[PDB]
Amino acid sequence: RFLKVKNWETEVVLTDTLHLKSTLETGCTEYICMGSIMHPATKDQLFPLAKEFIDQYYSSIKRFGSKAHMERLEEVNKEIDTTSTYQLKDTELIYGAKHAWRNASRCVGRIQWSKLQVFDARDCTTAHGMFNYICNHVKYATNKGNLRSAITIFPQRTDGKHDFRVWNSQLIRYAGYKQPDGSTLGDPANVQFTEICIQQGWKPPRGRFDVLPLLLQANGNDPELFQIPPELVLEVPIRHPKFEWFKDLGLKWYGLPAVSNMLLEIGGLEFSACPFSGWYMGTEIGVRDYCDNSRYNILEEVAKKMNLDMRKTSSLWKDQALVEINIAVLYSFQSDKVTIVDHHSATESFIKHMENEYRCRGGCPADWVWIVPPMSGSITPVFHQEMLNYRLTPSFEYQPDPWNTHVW
Amino acid sequence: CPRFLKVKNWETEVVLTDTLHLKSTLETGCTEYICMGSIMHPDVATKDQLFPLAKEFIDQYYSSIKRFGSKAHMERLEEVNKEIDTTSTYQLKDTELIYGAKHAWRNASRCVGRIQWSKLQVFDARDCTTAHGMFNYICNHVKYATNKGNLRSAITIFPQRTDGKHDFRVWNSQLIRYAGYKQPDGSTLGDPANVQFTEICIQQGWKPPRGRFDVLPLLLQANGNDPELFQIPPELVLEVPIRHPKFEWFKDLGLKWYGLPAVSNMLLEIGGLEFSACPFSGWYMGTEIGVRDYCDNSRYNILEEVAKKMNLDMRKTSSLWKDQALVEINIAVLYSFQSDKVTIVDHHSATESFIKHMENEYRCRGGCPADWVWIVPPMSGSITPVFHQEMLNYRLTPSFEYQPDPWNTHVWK
Ligand code: HEM
Ligand code: HEM
Ligand SMILES: COc1ccncc1CCCNCc1ccc2ccc(N)nc2c1
Ligand SMILES: COc1ccncc1CCCNCc1ccc2ccc(N)nc2c1
Ligand SMILES: C[C@H](O)[C@H](O)[C@H]1CNc2nc(N)[nH]c(=O)c2N1
Ligand SMILES: C[C@H](O)[C@H](O)[C@H]1CNc2nc(N)[nH]c(=O)c2N1
Ligand SMILES: [Zn+2]
């Protein structure tokens, strides 16, 4: 059936047909919704998946059923026979990567989906090679502050025993350290990964914002450590435009968000190493990175410097401090001419994107739980936008952390 | 379905196990291939439909009072079954009605206030026959629930549906709301959410003061008859003028709100019986007023005005002038209620209490259905514990349900 979604503020109603294409499960059933749950080959499985993908690719370039299309299916089928897998054409690799992003229901940044620089790293064979490809990625994507969306794609999975993996969750992240008094220095999210780097020979500076080394695994071998050249790591000192004391908090962050632990699936093929990057929405840093209790957890300090009454929750001291921190982050990046988008601008763009997708594509899968910003929700247009969530392929998928699988 | 579903809290790493979802009775809207978790909404029962619905409820009632399989249980079952046979409906005992109403609340996945579910004053209005009588029952409800500012949660239950041509209905969406008036020039005076209903009231004979905060009259339908208008005694309507503890100018905005949120357009379903008029009330979470009522663009929409008074830079969105004024407004709301000693809860306290509630429900009940999209407050989401809490949503009965607006279905006499 055609499904409709209403915006309760504008009363705009869109009609979804695209969902009829999905075949992957969402996790919900007729009786239980799991919308807030974080996460709910063989030759024989391989061909239909390949065919599906080739089909939509030749459909997208308006040459469905053409001679190129027929030969490609023929070529692919044959290749799956003789090798138990197949290799994507470059055009297919790029199409697939862009579409994985386009289909990412949790991403509010998808208006940019077709502007993705795709780096083909499928000829890589070693961790040193991965490091080279990653440096080039970081240098290209950072672009002196004028950030550019990019993805680097390493060889696909074969037997599962020879995976390429970036062990880092992002290319650039800060270390976190367990202190004898039980507190945590730096980013608590990374304490485990940090310990692993230390154990593998990394010499930690033991500061609050130590850029972690890269830990890179090629062809199933043990991972190897590398230091990203610092001149490639763009960082922003956080200051406030009114509170001159804010710089005294000693806060900073990195300009390039570059998620490195996801799995890219295209036409049945699995790319276990596909670091991709765009640019930040301010709340990612200002709200989550800085203010989550399990992260840098800075609210109380900021509230102190702001001299707020912190004896009662109903003074909303937390909320006030939250806004000021997010003002600072936006201001700091903007002042340093580093690309960043505020949650108001981003959500507007997403709404416009949704309309585009409904018009040109018949829908847009979207995860309201993720799309709505972690502050000021209902004063952003997405809060009021009904969304339908469903899984389309190619896609980005989660995968286990490599240190729970790897044998040394 | 799997017997054990786990939910995780990503902040505390606490894992809970749900078994109560097995008792799910109705559809979510979701399927295995699509999730409708952000969709707002995703003639009478025959005898054979009614039988299993009633037994399900009666069993559940007698199980709750630890008399399952007892002589009184079996007898009650037999009496109900016989009553359905001879009349094609049945009447709930007072005990069952009370248990049912409390459980409809306990089961309301969208409600963050459910720690309170067992403290609910139930008013049995099933003897009501006229709209004047409905007015009497509603006044008594308002006065009891208001309690001079020390608010008490309550529900008043009017007669259940029979053939569908004799429904009792409160046409108001809440017992106390402010009128909205569309102007010839396209502007709106008062609350834009209430323009349609206000128009209906005026058509029915109501004379509008045409102010910004005019309490609407009650429009009350008994036994399927045309609805009738009544004015709530103003002394029964407790209100709070909004002021700010720092900004002396905030009072000059002339904002106020009423103390008692009392939703009156929902349907209560118990054991397959339908109570189409069942107004209930609790107390406010500050954000309901300060974020939604005041700052929704399609509501009072005051952000710009507050921002101007705050001398904020409003040329760029990235100044976060909106976020800044939004906090100040919510501070003002909480401060004004606490100052006038009218019960209210901030989103921090409410969400923390709900997490404790949910954990206790998981331990004593085997689950707690929760709608994350609704449970997470409309501001400062991630700095509340509910944002980090995985939830399972499903529909248990007894329950509160939406129903169509009465002016769309009413057969005018
Ligand atoms: C270009 C600017 C972009 C912006 C502003 C943006 C914004 C966001 C934000 C705020 C999230 C929520 C993540 C979180 O809260 O932790 C997200 C999720 C996501 N984004 Fe985007 N994004 C951008 C580009 C990209 C690109 C280039 C890709 C891949 C090619 C991508 C793929 C994804 C995926 C797969 C998720 C879901 C993450 C998960 O499930 O953990 N995004 N995006
Ligand atoms: C006692 C204090 C209470 C608090 C603080 C509270 C809080 C809330 C809030 C903030 C919402 C979201 C509503 C919205 O954003 O529009 C809600 C929804 C809801 N509440 Fe509660 N509530 C309380 C009492 C009650 C009572 C007494 C009942 C019924 C007996 C109830 C049943 C419901 C239902 C059925 C919804 C869903 C609303 C809808 O879908 O339109 N609540 N509650
Ligand atoms: C409940 O949430 C979690 C639980 C466990 N692990 C991780 C998570 C959140 C996962 C974080 N995903 C983080 C991400 C991914 C892609 C992005 C693309 C662009 C951008 N600016 N930011 C992104 C940020
Ligand atoms: C998408 O949202 C809508 C769209 C159309 N109509 C109505 C709505 C929202 C429905 C309003 N629900 C409003 C409500 C219900 C029960 C409550 C109980 C206690 C309390 N403090 N507040 C409540 C507030
Ligand atoms: C439990 C819940 O699903 C979890 O906290 C989600 C909620 N929504 C989110 N939304 C975004 N953008 N990022 C997140 O990490 C999360 N976390
Ligand atoms: C489209 C979306 O489902 C809709 O705006 C919902 C979102 N969550 C909500 N949550 C609460 N508490 N109240 C609401 O009215 C809504 N509206
Ligand atoms: Zn769902």
Side-chain angles (χ1 to χ4, degrees), chain A residues 5-12 35 351 366 368-369 371-372 377-378 380-388, chain B residues 29 36-42 98 100-123 141 145 151-157 173-175 177 193-194 196-197 258-269 275 278-293 296 298-299 343-347 349-351 353-354 357 369-379 381 386 395 398-403 405:
Chain A
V5 284
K6 173 161 167 178
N7 185 291
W8 292 92
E9 139 181 52
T10 69
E11 288 191 288
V12 170
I351 290 299
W368 192 102
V369 173
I371 295 296
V372 180
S378 68
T380 71
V382 297
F383 180 96
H384 305 278
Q385 181 65 53
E386 290 186 344
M387 302 171 196
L388 291 167
Chain B
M36 289 189 201
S38 62
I39 302 296
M40 168 58 175
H41 330 107
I98 298 152
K102 291 184 179 181
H103 279 68
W105 184 10
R106 191 186 190 178
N107 294 337
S109 60
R110 290 173 171 178
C111 179
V112 69
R114 286 177 281 171
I115 195 165
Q116 287 288 335
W117 73 269
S118 65
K119 293 85 173 295
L120 175 70
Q121 190 53 47
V122 173
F123 296 112
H141 180 137
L151 315 188
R152 293 180 293 201
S153 70
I155 181 156
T156 292
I157 306 174
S173 59
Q174 302 180 30
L175 301 175
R177 294 202 77 175
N194 300 320
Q196 196 187 353
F197 178 75
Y258 49 92
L260 189 75
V263 171
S264 55
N265 61 356
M266 291 187 92
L267 186 150
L268 162 65
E269 179 262 311
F275 299 90
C278 61
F280 58 83
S281 58
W283 52 79
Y284 270 116
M285 191 164 73
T287 56
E288 292 182 78
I289 305 182
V291 186
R292 312 295 318 282
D293 301 328
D296 273 17
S298 75
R299 299 292 306 279
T343 303
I344 194 159
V345 66
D346 64 75
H347 49 291
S349 315
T351 56
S353 296
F354 182 80
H357 172 62
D371 189 333
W372 192 102
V373 170
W374 280 64
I375 298 287
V376 177
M379 75 177 286
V386 292
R395 298 169 70 195
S399 66
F400 291 107
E401 304 281 0
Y402 294 121
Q403 55 182 336
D405 289 331

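First listed ligand is number 1; within each ligand, the first listed atom is number 1. When reading the values below, keep in mind they use all heavy atoms of this one structure, side chains included, and skip hydrogens, waters and symmetry mates. Each chain gets a letter, A, B and so on, in the order the sequences are listed, and its residues count up from 1.
- Closest to atom 8 (N) of ligand 6, if we only count protein heavy atoms, is B:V373 O, 3.0 Å.
- The structure places CZ of B:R395 at 11.5 Å from CG of B:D371, a figure rounded to the nearest 0.5 Å.
- Every atom of ligand 2 is numbered from 1 in the order shown, and the set under 4.0 Å from a heavy atom of B:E288 is 10 (C).
- The distance from atom CG of B:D293 to atom OH of B:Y284, rounded to the nearest 0.5 Å, is 5.5 Å.
- Here the side chain of A:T380 pairs a donor or acceptor atom with the backbone of A:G377 at under 3.5 angstrom.
- Although no hydrogens or angles enter the test, the distance criterion places a donor-acceptor pair under 3.5 Å between the side chain of B:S153 and the main chain of B:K119.
- B:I344 has its side chain out of reach of B:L151: every pair of non-hydrogen atoms, C-beta onward, lies at least 4.5 Å apart.
- Donor-acceptor pairing under 3.5 Å is recorded for the side chains of B:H141 and B:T156.
- Listed by chain and number, the protein N, O or S atoms at a distance under 2.8 Å from atom 21 (Fe) of ligand 2 are B:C111 SG.
- Put simply, no part of B:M40 is less than 4.0 Å from ligand 6, judged by heavy atoms.
- Contact atoms of ligand 6 toward A:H384: 1 (C), 5 (O) (distance under 4.0 Å to a heavy atom of the residue).
- Here the heavy atom of the protein found nearest to atom 14 (C) of ligand 6 is B:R292 NH1, 3.4 Å.
- For B:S281, every heavy-atom contact with ligand 2 shorter than 4.0 Å involves the backbone, none the side chain.
- Distance check: B:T351 OG1 to B:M285 CE gives 7.5 Å after rounding to the nearest 0.5 Å.
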Is there a side chain to side chain contact (heavy atoms under 4.5 Å, CB included) between A:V382 and A:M387? Walk through the geometry before answering. CA-CA 9 Å; A:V382 297; A:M387 302 171 196; 3.7 Å; yes
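- The shortest side-chain heavy-atom distance between B:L120 and B:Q116 does not fall under the 4.5 Å cut-off.
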The test is side chain to side chain contact (heavy atoms under 4.5 Å, CB included); show your working for B:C111 and B:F400 and say whether it passes. CA-CA 11 Å; B:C111 179; B:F400 291 107; over 6 Å; no
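- Here CZ of B:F354 is found 4.0 Å from CD1 of B:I375. Values are rounded to the nearest 0.5 Å.
- With a 4.0 Å cut-off on non-hydrogen atoms, B:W283 touches ligand 2 through its backbone as well as its side chain.
- Heavy-atom proximity to B:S38, at under 4.0 Å, picks out these atoms of ligand 6: 1 (C), 2 (C), 3 (O).
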Could you check ligand 4 for N or O atoms lying under 3.5 Å from protein N or O atoms and list the pairs with distances?
{"from": "ligand 4", "atom 1": "21 (N)", "to": "B:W283", "atom 2": "O", "distance (Å)": "2.9"}
{"from": "ligand 4", "atom 1": "21 (N)", "to": "B:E288", "atom 2": "OE1", "distance (Å)": "3.4"}
{"from": "ligand 4", "atom 1": "21 (N)", "to": "B:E288", "atom 2": "OE2", "distance (Å)": "2.8"}
{"from": "ligand 4", "atom 1": "22 (N)", "to": "B:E288", "atom 2": "OE1", "distance (Å)": "2.7"}

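- Atoms of ligand 6 lying under 4.0 Å from any heavy atom of A:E386, numbered from 1 in the order shown and given with element: 1 (C).
- Among B:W374, B:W372, A:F383, A:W8, the residue whose heavy atom lies nearest to atom 12 (N) of ligand 6 is B:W374.
- Among B:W374, B:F280, B:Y402, B:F400, the residue whose heavy atom lies closest to atom 15 (O) of ligand 2 is B:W374.
- B:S173 and B:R177 share a side-chain donor-acceptor pair at under 3.5 Å.
- Residue contacts with ligand 6, taken as heavy atom pairs separated by less than 4.0 Å, involve A:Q385 solely via the backbone atoms N, CA, C and O.
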Show the numbers, then the answer: is there a side chain to side chain contact (heavy atoms under 4.5 Å, CB included) between A:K6 and A:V12? CA-CA 6 Å; A:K6 173 161 167 178; A:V12 170; over 6 Å; no
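- Atom CD of residue B:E401 and atom CZ of residue B:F275 lie 14.0 Å apart, to the nearest 0.5 angstrom.
- The OG atom of B:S399 sits 4.5 Å away from the CD atom of B:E269 when rounded to the nearest 0.5 Å.
- The closest approach between any non-hydrogen atom of B:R110 and ligand 6 is not below 4.0 Å.
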Should B:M40 and B:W374 be marked as a side chain to side chain contact (heavy atoms under 4.5 Å, CB included) after you check the CA-CA gap, both sets of side-chain angles, and the distance that decides it? CA-CA 10 Å; B:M40 168 58 175; B:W374 280 64; 3.5 Å; yes
